[PDB]
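The primary structure of each chain is shown beneath.
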Amino acid sequence: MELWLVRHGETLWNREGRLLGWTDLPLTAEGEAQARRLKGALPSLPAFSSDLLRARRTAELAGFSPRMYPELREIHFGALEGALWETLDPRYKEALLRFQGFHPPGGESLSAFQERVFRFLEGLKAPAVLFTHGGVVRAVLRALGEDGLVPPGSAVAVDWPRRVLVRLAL
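Residues numbered from 1 in each chain as written, not as in the entry; some residues may be left out. Heavy atoms only, no water.

This entry, as listed in the PDB, derives from X-ray crystallography and reports a resolution of 1.70 Å.

So this is what it looks like as structure tokens:
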């Protein structure tokens, strides 16, 4: 199934290297500019979006009218929400880089997070555009044997659950 995964535009914490999960931060002005540049560049397929403001806003500025689904949320960081990556305990930093053995205090385990993400993808019947988060895009790309680091406000199309089709960044 052709799926477009769109990472929302820049937020202040995305700039400052701070963990951003369920904290409902808004897009910065450049984040909004990135979202607007997606309008007309993405296929006009039905859209779905995380219910977090930054994702909803990105969908809107991109010219879409998404349905809101919590399953598309970034992973909840719990007590690590907003945590400065610089002072993050190396134990967490390493687990985040490897994308394994990570369960932030009071947040979601990486296993529960990826299960709800992939479960959601399994429920799609036709190609669609998913406005979501970096963690979600990374989970999908990694499962497909590619690294899932993409820039904010960019998109990647995949032929789930087989391979990646194209990476769109502008």
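On to the UniProt feature "binding site: substrate" (unreviewed entry) in the chain. Feature annotation in UniProt assigns "binding site: substrate" (unreviewed entry) to the following positions: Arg7, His8, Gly9, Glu10, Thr11, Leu12, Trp13, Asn14 and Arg54. With respect to the element layout, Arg7 can be found in strand β1 (residues 2–7). A distance of 2.8 Å separates a polar atom in the side chain of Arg7 from the backbone oxygen of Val150. Inspection of the secondary structure assignment puts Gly9 in the loop between β1 and α1 (12–16). Residues in contact with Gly9, not counting those within four places in the same chain, are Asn14, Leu27, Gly31, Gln34, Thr58, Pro152 and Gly153. (UniProt positions renumbered as here; feature names shortened; annotations may be inferred. Helix = DSSP H or I, 4+ residues; strand = E, 2+ residues; numbered from the N terminus. Polar contact = N/O pair within 3.5 Å; in protein donor to acceptor, adjacent residues only side chain to side chain. Contact = heavy atoms within 4.5 Å.)

A word on helix α3 (residues 53–61). The set of residues buried in α3 consists of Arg54, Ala55, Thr58, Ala59 and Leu61. Along its buried surface, α3 packs onto β1, α2 (29–37), β2 (47–49) and β4 (128–132). Backbone geometry just downstream of α3 places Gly63 in the positive-phi region, at approximately 90°. (Buried < 20%, exposed > 50% of the residue type's maximum accessible area, 1.4 Å probe, protein only.)

Attention now goes to the sheet that holds β2. On the basis of which strands lie adjacent, the open sheet formed by six strands has the order β3-β2-β4-β1-β5-β6 and mixed pairing. The two strands at the open ends of the sheet, each matched to only one other strand, are β3 (67–68) and β6 (163–168). In this sheet, strand β5 (residues 155–159) lies alongside β1 in antiparallel orientation, the contact comprising five bridges. Bridged to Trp4 within β5 is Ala157. Those strands touched by α3 are β1, β2, β3 and β4, and its axis lies near 140° from that of β4. (Pairing = 2+ DSSP bridges. Axes fitted to C-alpha atoms, helices over the stretch in contact; angles between N-to-C directions.)

The tally for this structure, following the rule as stated, stands at seven aromatic pairs. Relative to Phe102, the ring of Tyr92 has its centre 6.3 Å away and its plane inclined at 75°; by these criteria the two rings are edge-to-face. In this pair, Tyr92 sits in helix α4 (residues 90–98) while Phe102 sits in the loop between α4 and α5 (110–122), placing the two residues 10 residues apart along the sequence. The ring of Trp22 carries the charged tip of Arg73 above its face, separated from the ring centre by 4.6 Å. (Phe/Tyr/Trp six-rings, centres within 6.5 Å; stacked < 30°, edge-to-face > 60°. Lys NZ or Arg CZ within 6 Å of the ring centre and 35° of its normal.)

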